[PDB]
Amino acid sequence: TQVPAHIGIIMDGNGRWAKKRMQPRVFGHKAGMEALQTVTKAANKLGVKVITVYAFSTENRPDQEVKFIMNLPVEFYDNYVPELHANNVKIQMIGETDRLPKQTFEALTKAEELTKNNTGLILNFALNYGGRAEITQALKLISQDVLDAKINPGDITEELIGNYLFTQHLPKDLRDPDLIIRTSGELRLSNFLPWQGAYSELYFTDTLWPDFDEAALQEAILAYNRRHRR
């Protein structure tokens, strides 16, 4: 019904947005969570089934960014998740778990466990996530099953590989984003869903993430519907 089932979103520009206001970089990220809350809500009522969101930026000092990224789930569970539970939104994460702070692994699992029975939009958090890592990680699993004799080298196919990716937990007809949105004027994918997004439509905007709202989402959805005409 003229709505993309799965939207990927690269949330870029929090740092730049904060610098424009003469405010610290932390202030920018808190507004980014507000942006996400608005977008998550708006997308839920519009009919979108899945969104995979990705906190990525190149405006660094990696320790710093790899600091307030892992800090996201914590803050997001306290101030934003309760409302998203009220709106029937299901929360899941994709990415690597091993190197996570305890407190942020607690907030993520609690966010999942709170919302696991929810039947609305699936908000998918790409945290500590790299596309090439995802595929490599999937290759380890597949290779070990070939030695275990669970599958043959001939049995390895595009369809099979999909089941080993981090997006396997999603329903099979929704695993691949139909649209991928990137903000902050950057025309690149930065290792976001290389496999799953291989056939996706792309929307690039100069708008910074914290200024990206329901109106911005619809404008992106309008662009998408226009592509089908061409």
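So that there is no doubt, residue numbering starts at 1 and follows the sequence shown.
Coordinates are given for every deposited residue between residue 191 and residue 192; the gap count there is zero.
Per the PDB record, of the two stretches 221-229 and 4-12, 221-229 carries the greater mean B-factor over its C-alpha atoms. Relative to one another, 25-33 and 171-179 have unequal mean CA B-factors, and 25-33 is the one with the higher figure. Ranking 89, 139, 160, 146 by the C-alpha B-factor listed in the PDB entry places 146 at the top.
The PDB entry gives the largest Cα B-factor of the residues 135, 123, 100, 94 to 100.
Remark: residue 128 belongs to the lowest third of its chain, ranked by C-alpha B-factor as recorded. The entry lists a Cα temperature factor for residue 200 that places it in the lowest third of the chain's modelled residues. Among the modelled residues of the chain, residue 52 sits in the lowest third by CA temperature factor in this PDB entry.
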